[PDB]
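Below: one structure, written as structure tokens.
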Amino acid sequence: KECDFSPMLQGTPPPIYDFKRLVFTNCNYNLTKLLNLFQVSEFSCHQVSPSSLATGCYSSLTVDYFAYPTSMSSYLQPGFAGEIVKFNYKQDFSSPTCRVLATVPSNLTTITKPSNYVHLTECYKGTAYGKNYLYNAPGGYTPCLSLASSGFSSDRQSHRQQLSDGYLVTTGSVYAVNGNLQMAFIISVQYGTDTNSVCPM
Amino acid sequence: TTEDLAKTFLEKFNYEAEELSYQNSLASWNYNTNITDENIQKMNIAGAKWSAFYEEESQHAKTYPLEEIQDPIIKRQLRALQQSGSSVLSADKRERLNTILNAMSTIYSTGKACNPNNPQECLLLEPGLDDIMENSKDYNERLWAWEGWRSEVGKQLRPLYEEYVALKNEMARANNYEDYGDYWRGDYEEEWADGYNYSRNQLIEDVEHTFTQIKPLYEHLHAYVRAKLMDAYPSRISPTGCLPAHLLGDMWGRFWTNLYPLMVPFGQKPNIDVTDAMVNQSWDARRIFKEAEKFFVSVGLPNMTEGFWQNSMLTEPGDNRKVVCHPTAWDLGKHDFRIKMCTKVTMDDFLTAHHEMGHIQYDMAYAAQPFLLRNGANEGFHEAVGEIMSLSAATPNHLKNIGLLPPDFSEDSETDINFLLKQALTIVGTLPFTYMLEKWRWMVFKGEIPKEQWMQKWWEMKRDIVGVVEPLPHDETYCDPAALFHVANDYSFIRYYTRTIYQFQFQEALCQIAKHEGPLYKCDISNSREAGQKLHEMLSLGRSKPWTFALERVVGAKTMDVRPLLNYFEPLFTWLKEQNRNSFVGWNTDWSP
Ligand SMILES: *[C@@H]1O[C@H](CO)[C@@H](O)[C@H](O)[C@H]1NC(C)=O
Ligand SMILES: *[C@@H]1O[C@H](CO)[C@@H](O)[C@H](O)[C@H]1NC(C)=O
Numbered sequence: 389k390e391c392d393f394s395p396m397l398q399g400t401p402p403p404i405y406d407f408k409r410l411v412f413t414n415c416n417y418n419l420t421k422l423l424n425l426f427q428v429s430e431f432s433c434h435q436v437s438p439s440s441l442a443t444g445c446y447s448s449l450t451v452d453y454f455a456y457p458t459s460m461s462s463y464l465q466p467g468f469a470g471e472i473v474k475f476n477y478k479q480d481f482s483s484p485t486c487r488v489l490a491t492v493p494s495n496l497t498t499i500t501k502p503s504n505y506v507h508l509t510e511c512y513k514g515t516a517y518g519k520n521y522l523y524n525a526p527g528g529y530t531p532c533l534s535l536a537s538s539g540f541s542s543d544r545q546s547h548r549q550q551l552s553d554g555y556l557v558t559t560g561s562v563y564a565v566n567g568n569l570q571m572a573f574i575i576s577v578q579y580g581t582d583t584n585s586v587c588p589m
Numbered sequence: 020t021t022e023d024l025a026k027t028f029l030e031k032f033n034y035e036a037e038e039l040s041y042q043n044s045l046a047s048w049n050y051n052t053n054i055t056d057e058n059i060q061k062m063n064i065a066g067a068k069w070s071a072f073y074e075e076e077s078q079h080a081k082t083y084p085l086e087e088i089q090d091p092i093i094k095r096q097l098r099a100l101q102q103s104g105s106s107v108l109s110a111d112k113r114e115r116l117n118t119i120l121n122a123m124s125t126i127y128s129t130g131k132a133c134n135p136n137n138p139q140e141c142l143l144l145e146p147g148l149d150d151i152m153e154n155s156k157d158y159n160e161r162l163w164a165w166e167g168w169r170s171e172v173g174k175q176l177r178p179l180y181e182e183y184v185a186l187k188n189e190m191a192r193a194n195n196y197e198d199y200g201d202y203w204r205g206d207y208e209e210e211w212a213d214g215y216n217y218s219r220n221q222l223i224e225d226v227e228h229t230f231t232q233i234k235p236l237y238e239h240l241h242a243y244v245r246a247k248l249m250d251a252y253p254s255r256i257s258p259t260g261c262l263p264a265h266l267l268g269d270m271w272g273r274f275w276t277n278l279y280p281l282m283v284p285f286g287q288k289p290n291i292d293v294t295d296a297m298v299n300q301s302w303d304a305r306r307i308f309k310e311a312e313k314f315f316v317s318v319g320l321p322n323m324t325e326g327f328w329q330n331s332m333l334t335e336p337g338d339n340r341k342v343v344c345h346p347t348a349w350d351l352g353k354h355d356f357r358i359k360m361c362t363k364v365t366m367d368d369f370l371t372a373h374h375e376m377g378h379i380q381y382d383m384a385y386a387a388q389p390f391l392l393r394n395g396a397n398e399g400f401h402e403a404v405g406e407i408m409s410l411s412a413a414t415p416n417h418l419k420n421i422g423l424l425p426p427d428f429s430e431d432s433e434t435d436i437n438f439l440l441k442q443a444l445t446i447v448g449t450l451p452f453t454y455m456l457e458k459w460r461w462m463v464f465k466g467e468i469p470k471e472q473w474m475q476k477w478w479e480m481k482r483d484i485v486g487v488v489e490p491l492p493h494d495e496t497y498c499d500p501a502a503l504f505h506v507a508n509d510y511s512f513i514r515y516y517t518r519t520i521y522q523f524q525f526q527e528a529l530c531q532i533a534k535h536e537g538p539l540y541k542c543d544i545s546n547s548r549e550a551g552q553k554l555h556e557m558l559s560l561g562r563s564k565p566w567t568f569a570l571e572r573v574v575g576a577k578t579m580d581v582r583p584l585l586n587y588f589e590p591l592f593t594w595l596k597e598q599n600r601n602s603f604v605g606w607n608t609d610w611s612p
């Protein structure tokens, strides 16, 4: 059974803070064809090699895909503590991982280009004593997902939700898409327990 | 308990102010980046709403009296709101004061002085008169440029300045203040602390006590400057008298930096300049800021944010866009930090990058504080923090490490004196002037100097304190102080004094932590994370603790101290004493003008 890669090929790709996670188990994967479906720009793997990513069978294959420009790749680098890591996505390095950048050619009309790129700059709990910043857990989601779900229209737009003892604020920055759409994948392979059935085609 | 009714009010106000000040800051940034006709109108529209909201909230904040709130943070936030200024007079007095201020500002900004010999030489202060007063060696040209500015603009400002003093004194006395000088000195007041209190009357004592210790070094510097200015204007300066006011290097003699070419100590050793080395290595305007960020990271401070690189304007736009060339660091609001600069490949811009990025690093530190407490400890801290970075960045060791100097470079002991003397012409050459000016204003606001002794007391003080004599007699129809930008634009001037005292108080304190051996002027705090943690601990406080406490967090003392400033200029003091053996140190007040 070929692994279903249709969801990333259909519809508008999600933003980084609302990344789409798909878990593949017990299927045959051909990541080379998917890479050929895009214009690959960057490929950096930690605790694993790209040759050892195409080959080798894994218990589980988790793909966290989102829309991401190439210019902000350096901000996703491990160790750098910035807005992306603090409030959008912290890559989990407990297991071997791969960060893959790509570029969708204009001929691929099955994917709709969003108006802009959106990432969270602030997500904090506000009392009267100041600000208490909430930081993302490694691999988890942001606490401001429900509030940010409404979306952002302009640059640095803020959403506020009242709490029992203060409020919760989230902020979004907006930059428009110019050129062929670029999108990023975080691929994590699990060796732990359940059958190395995620095998190459 | 009314403290909990204050907490909810502060919670609402914090969010409303955060959402309303950001739009005003963004409008100002848009206007300053693209100067058009729509942008200025939007800037004014956005600035009116913020002012109206702030006035409404300040009026509402008086509902909670301060004598029953026990939380120091809540009381500190409430005091800033309840402090009311010009919104206490009548409507007629308020609009009269606004009109007087606008008229003074537009008279200063649109004033012309014309050559007494050439009737077609009416020059503005900014492009032409400044050029004459900073790039000339002719006694008569400088004299006419000085007198024309003092007589064409400073003569029609006195009637306005006389009503301004009364109108501001009325406003100050309508707010439980002795005078407008007490209102201005109130920026250094700290109350309700255990031992970290500071009275408004203590600022005068501290300023005078520091000036008393500063005086000898300034006397030696003034003696050297006078002895070297004789050779440029023969038979014009007395060997024992003051210095004429029109030969000091600018319109007002605020800085003596423009006199350096006339008094270079050692003319055979050229000062360190790395513009050619930066050109040879193909340094664009982005690598300068990358290296500044690297230097800031090397001491344990955070990186620059993602939006800093996307939204800042580090280069002049080429598509006919009109911009303001002044370099500034902008705290736009919701964790948005920007820098506006027209970067050129030069050493001066290399230092300006560090100076303006120190401000941004300061703004990153207190971003997790309430809206009202998101400032420096006082008005002198925010500029003193940005100067130690520039002090560390220009050291020969740093320039060798970054790669702008050959690895075999050997530090001469004669270029050190040149650097120190050029440093002690903007720093030590402005401390008297600044102080003198403020003193005059304070007395003028206190009523000690009657309206019929303003010019007499002004020139008597400038002869006694600064050591500078007038070129021509000036009766009581001019307003000489009003000819300076800050006096005509109603700006406090003491922040330039304390700034120069904190600046060397921090640098020394961070240089003992960094384990530096040798003179203080050669100290570099790079590659020292321990010295960065100590600075960040004070930076993160913001305006949430009394500035005495914040100062003690770094330097270990609560009071302003001038000993580090004298320790910085010790080799130059020794050299000046050595060179002044065959001359007279000191001046004579009422002698040859
Ligand atoms: C700053 O960014 C650089 C990338 O140029 C990175 O190597 C470094 O670890 C970062 N430091 C901090 C404190 O974020
Ligand atoms: C000023 O320039 C910006 C971009 O450089 C542009 O978006 C804006 O429209 C310009 N101002 C006006 C009034 O058109």
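Protein sequence lines correspond, in order, to chains A and B.
The opening residue of the first sequence carries number 389 in the authors' numbering; numbering runs sequentially from there.
The opening residue of the second sequence carries number 20 in the authors' numbering; numbering runs sequentially from there.
Every residue gets a Cβ at the ideal spot worked out from N, C-alpha and C, and that includes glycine.
| Query | Result |
| --- | --- |
| Neighbour-count burial assignment, residue 305 of chain B, 16 or more Cβ in a 10 Å radius | exposed |
| Residue 502 of chain A: CB within 7 angstroms of a non-hydrogen atom of ligand 1 | no |
| Which listed residue (A:413, A:421, A:579 and A:567) has its alpha carbon closest to that of residue 504 of chain A | A:567 |
| Residue 324 of chain B versus residue 273 of chain B - alpha carbon distance | 37 angstroms |
| Bridge partner(s) assigned by DSSP for residue 576 of chain A | A:450 and A:485 |
| Limits of the beta strand (DSSP E) - the one that residue 507 of chain A falls within | 504 to 515 |
| Contact residues within the region 376 to 405 of chain B, judged by C-beta distance below 8 angstroms to chain A | 386, 387, 388, 389 and 392 |
| Nonlocal neighbours in the same chain, by C-beta distance under 6 angstroms from residue 564 of chain A, ignoring five residues either side | 504 |
| Nearest to residue 150 of chain B (by Cα), restricted to the options B:194, B:268 and B:237 | B:268 |
| Stretch-stretch touch, CB-based, cutoff 8 angstroms, three pairs: the region 535 to 547 of chain A with the region 407 to 418 of chain A | no |
| Start and end residues, beta strand (DSSP E) containing residue 446 of chain B | Run containing residue 446 of chain B: none; DSSP gives neither H nor E here. |
| C-alpha distance - residue 51 of chain B paired with residue 349 of chain B, whole-angstrom precision | 11 angstroms |
| CA-to-CA distance, residue 560 of chain A to residue 513 of chain A, given in whole angstroms | 15 angstroms |
| Option nearest residue 581 of chain A by Cα separation, candidates A:484, A:452, A:554 and A:446 | A:446 |
| Among A:391, A:432, A:539 and A:395, the one whose alpha carbon lies nearest that of residue 508 of chain A | A:539 |
| Identified DSSP bridge partners for residue 143 of chain B | B:131 |
| Cβ-Cβ distance between residue 481 of chain B and residue 455 of chain B below 8 angstroms | yes |
| Sequence-distant residues of its chain with Cβ nearer than 8 angstroms to residue 26 of chain B (five each side left out) | 93 |
| Completely contained alpha helix (DSSP H) runs for the region 531 to 565 of chain B, where each covers 4 or more residues | 548 to 558 |
| Three-state class that DSSP yields for residue 515 of chain B in the structure shown | helix |
| Minimum Cβ-Cβ distance from residue 52 of chain B to chain A less than 8 angstroms | no |
| Closer than 6 angstroms: residues whose CB approaches a heavy atom of ligand 1 | A:467, A:468, A:469, B:316, B:321 and B:322 |
| is_contact[residue 303 of chain B, chain A] using C-beta, thresh 8 angstroms | no |
| Near ligand 2: residue 334 of chain B beta-carbon under 7 angstroms from a heavy atom | no |
| Contacts around residue 165 of chain B, its chain only, beta-carbon distance under 8 angstroms, and the 5 residues preceding and following it disregarded | 152, 264, 265, 270 and 490 |
| Distance between residue 449 of chain B and residue 241 of chain B (C-alpha atoms, nearest Å) | 12 angstroms |
| Short Cβ contact (8 angstroms threshold) for residue 441 of chain A with residue 486 of chain A | yes |
| is_contact[residue 61 of chain B, chain A] using C-beta, thresh 8 angstroms | no |
| Contact with chain B by residue 458 of chain A, beta-carbon distance below 8 angstroms | no |
| Listed by chain order, chain B residues near residue 554 of chain A by CB distance under 7 angstroms | 30 |
| Integer Cβ distance of residue 317 of chain B from residue 545 of chain B, believed to fall under 8 angstroms | 5 angstroms |
| C-beta atoms of residue 400 of chain B and residue 379 of chain B nearer than 8 angstroms | no |
| Backbone secondary structure at residue 429 of chain B - three-state DSSP | coil |
| Endpoints, beta strand (DSSP E) assigned at residue 349 of chain B | 347 to 350 |
| Limits of the alpha helix (DSSP H) - the one that residue 529 of chain A falls within | Segment: none, residue 529 of chain A is in no alpha helix (DSSP H) and carries neither H nor E. |
| C-beta contact flag for residue 83 of chain B and residue 21 of chain B at 8 angstroms | yes |
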